[PDB]
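**Student:** Pasting a structure below so you can have a look.
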Amino acid sequence: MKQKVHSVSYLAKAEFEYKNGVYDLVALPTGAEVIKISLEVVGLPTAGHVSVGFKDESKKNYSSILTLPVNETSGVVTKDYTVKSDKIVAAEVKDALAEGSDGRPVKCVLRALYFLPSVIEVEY
Amino acid sequence: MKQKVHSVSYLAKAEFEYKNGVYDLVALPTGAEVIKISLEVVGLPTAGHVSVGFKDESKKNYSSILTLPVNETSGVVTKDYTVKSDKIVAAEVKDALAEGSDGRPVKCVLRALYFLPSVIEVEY
Amino acid sequence: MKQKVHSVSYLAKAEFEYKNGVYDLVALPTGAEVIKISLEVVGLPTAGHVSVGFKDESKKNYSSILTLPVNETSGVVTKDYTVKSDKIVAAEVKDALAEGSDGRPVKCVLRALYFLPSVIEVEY
């Protein structure tokens, strides 16, 4: 057989402080293939929501792809995307209070596993 | 410590037209380790089912590993497989009508992330 | 844009015999990023539980991160971890009987996909 496959893959870590606002976490090239986005909450928040989505490089085209309330504290996107003009992974925390129930800062870590647009030919 | 790990990993994209029949999407070498198969439905189908599975290179040994009705529109296989004599990822659409509710062709994209059988030795 | 990404990724296979006790399966470097741990049960066990978790290199700090009863036979960890002083993936089988309902040895395979701590700079 013969096929075209993506041979280069990167993983990007970003961390934000679980504070109200928006954050630009992962930079993505055009044609990249996102196969994993995992959001992790380190700490014990009491009230808030974290929504991760795709935002354009400059124009404010944010659109949440995964929502995450307080209780589950972790979440992976259920769908795989191909990058086209939406080259920023962004996070939004619309509700956020202080450290919360512990006196320690609640943080969030987003890990993005994506394959580069470069393609090679393999025969099996 | 010391261990043997897979150092080479590929991602394969395939696209089909959500039409009745079968399609051979991803070619796999013997000993490859499939760690991800994600199926995505781009469009608004109204009636149908897509079943992805493993088929032998020539003999008709199709066996569905993931079923996908219309409503969820996306699905990832829940199990990881090691390739042995079943070297084709294949898709079957047994029910399929026209574009559907939009006038635009409904398509499906299958992304397969698999590690090559080549192994190196790493000490930590 | 500009960002720092992990460019090196490994996959490790380990196999154990579904027998009562503990097993040290995957060796992990400090700063490595675990993005996948999948546990697979090959065979037909009748009674038992398999708990996978992180154990320190020498000191007995086992802590299960995923539990797996008999019936589902497969499971992936729901959270991503960064390695720090907990550099062993370990499995524990606290209940285990003979081959079980088939006369053939029940085995378990754990696949660990993790990115190396090495980081490069990419501009998009």
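Residue names in the structure tokens use chain letters A, B, ... in the order shown, residue numbers from 1 in each chain, and ligand numbers from 1 in the order shown.
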Report the closest atom pair, with its distance in Å rounded to one decimal, for each residue of chain B that has an atom no farther than 6 Å from chain A; count only C-alpha atoms, sort by chain and then rising residue number, and write it as a Markdown table.

**Tutor:**
| residue | atom | partner | partner_atom | distance |
| --- | --- | --- | --- | --- |
| B:10 | CA | A:7 | CA | 5.1 |
| B:11 | CA | A:6 | CA | 5.0 |
| B:12 | CA | A:5 | CA | 4.7 |
| B:29 | CA | A:124 | CA | 5.7 |

**Student:** Would you save the residues of that selection, restricted to N, CA, C and O atoms, as a PDB file, in the first residue's frame?

**Tutor:**
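Below you can see out_30.pdb, which holds the result:
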ATOM      1  N   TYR B  10       3.258   8.309  13.656  1.00  0.00           N
ATOM      2  CA  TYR B  10       2.644   8.926  12.493  1.00  0.00           C
ATOM      3  C   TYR B  10       1.168   9.190  12.752  1.00  0.00           C
ATOM      4  O   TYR B  10       0.530   8.533  13.583  1.00  0.00           O
ATOM      5  N   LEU B  11       0.642  10.180  12.036  1.00  0.00           N
ATOM      6  CA  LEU B  11      -0.777  10.497  12.018  1.00  0.00           C
ATOM      7  C   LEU B  11      -1.253  10.504  10.576  1.00  0.00           C
ATOM      8  O   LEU B  11      -0.625  11.126   9.714  1.00  0.00           O
ATOM      9  N   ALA B  12      -2.357   9.814  10.316  1.00  0.00           N
ATOM     10  CA  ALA B  12      -2.904   9.679   8.976  1.00  0.00           C
ATOM     11  C   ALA B  12      -4.305  10.266   8.931  1.00  0.00           C
ATOM     12  O   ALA B  12      -5.128   9.987   9.810  1.00  0.00           O
ATOM     13  N   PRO B  29       1.420  -0.720   9.249  1.00  0.00           N
ATOM     14  CA  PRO B  29       2.446  -1.762   9.211  1.00  0.00           C
ATOM     15  C   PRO B  29       2.228  -2.778  10.324  1.00  0.00           C
ATOM     16  O   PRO B  29       1.518  -2.535  11.298  1.00  0.00           O
TER      17      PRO B  29
END

**Student:** Determine, counting only C-alpha atoms, which protein, DNA and RNA residues have an atom within 6 Å of an atom of range 73-76 of chain B; residues of the same chain fewer than 6 positions away are not included. Present the result as a ChimeraX atom specification.

**Tutor:** /B:37-41

**Student:** Dump N, CA, C and O atoms for the selected residues as a PDB file, in the first residue's frame?

**Tutor:**
ATOM      1  N   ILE B  37      -7.817   6.677  17.246  1.00  0.00           N
ATOM      2  CA  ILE B  37      -8.630   6.719  16.034  1.00  0.00           C
ATOM      3  C   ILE B  37      -9.812   7.627  16.334  1.00  0.00           C
ATOM      4  O   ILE B  37     -10.650   7.296  17.180  1.00  0.00           O
ATOM      5  N   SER B  38      -9.886   8.763  15.650  1.00  0.00           N
ATOM      6  CA  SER B  38     -10.968   9.719  15.838  1.00  0.00           C
ATOM      7  C   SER B  38     -11.731   9.873  14.533  1.00  0.00           C
ATOM      8  O   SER B  38     -11.125  10.077  13.476  1.00  0.00           O
ATOM      9  N   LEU B  39     -13.055   9.783  14.609  1.00  0.00           N
ATOM     10  CA  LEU B  39     -13.928   9.934  13.457  1.00  0.00           C
ATOM     11  C   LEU B  39     -14.798  11.163  13.661  1.00  0.00           C
ATOM     12  O   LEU B  39     -15.431  11.317  14.712  1.00  0.00           O
ATOM     13  N   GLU B  40     -14.826  12.025  12.649  1.00  0.00           N
ATOM     14  CA  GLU B  40     -15.474  13.325  12.699  1.00  0.00           C
ATOM     15  C   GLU B  40     -16.438  13.422  11.530  1.00  0.00           C
ATOM     16  O   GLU B  40     -16.100  13.012  10.415  1.00  0.00           O
ATOM     17  N   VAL B  41     -17.625  13.964  11.776  1.00  0.00           N
ATOM     18  CA  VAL B  41     -18.634  14.144  10.741  1.00  0.00           C
ATOM     19  C   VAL B  41     -18.778  15.637  10.490  1.00  0.00           C
ATOM     20  O   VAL B  41     -19.241  16.382  11.363  1.00  0.00           O
TER      21      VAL B  41
END

**Student:** Between CA of residue 25 in chain A and CA of residue 46 in chain A, what is the distance, to one decimal in Å?

**Tutor:**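 Rounded to one decimal, the two atoms are 23.4 Å apart.
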
**Student:** Please provide the set of residues having any atom within 7 Å of range 50-66 of chain C, restricted to only C-alpha atoms, with same-chain residues fewer than 3 positions apart removed, written as a list in words.

**Tutor:**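 The filter keeps residues 69, 77, 85, 86, 87, 88, 89, 90, 91, 92 and 93 of chain C.
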
**Student:** Between CA of residue 34 in chain A and CA of residue 43 in chain B, what is the spacing in Å?

**Tutor:** 19.3 Å

**Student:** List as a PyMOL selection string the protein and nucleic acid residues near residue 16 in chain B, meaning an atom at most 8 Å away when only C-alpha atoms are counted, but skip any in the same chain fewer than 3 places from it.

**Tutor:** chain B and resi 19+23+107-109

**Student:** Would you mind exporting N, CA, C and O atoms of the selected residues as a short mmCIF file (atom, residue, chain, number, x, y, z; two decimals), in the first residue's frame?

**Tutor:**
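What ended up in part.cif:
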data_model
loop_
_atom_site.label_atom_id
_atom_site.label_comp_id
_atom_site.auth_asym_id
_atom_site.auth_seq_id
_atom_site.Cartn_x
_atom_site.Cartn_y
_atom_site.Cartn_z
N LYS B 19 -21.24 8.12 1.98
CA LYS B 19 -22.04 7.42 0.99
C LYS B 19 -22.03 5.94 1.31
O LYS B 19 -21.06 5.41 1.86
N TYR B 23 -14.87 1.93 2.67
CA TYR B 23 -13.69 2.70 2.29
C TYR B 23 -12.49 2.21 3.09
O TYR B 23 -12.60 1.96 4.29
N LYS B 107 -19.45 14.93 4.89
CA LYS B 107 -18.21 14.18 4.78
C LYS B 107 -17.80 13.67 6.16
O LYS B 107 -18.29 14.12 7.19
N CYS B 108 -16.88 12.70 6.15
CA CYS B 108 -16.30 12.17 7.38
C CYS B 108 -14.79 12.16 7.26
O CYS B 108 -14.24 11.82 6.21
N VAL B 109 -14.13 12.55 8.35
CA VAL B 109 -12.68 12.57 8.45
C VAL B 109 -12.26 11.62 9.56
O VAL B 109 -12.74 11.73 10.69
#
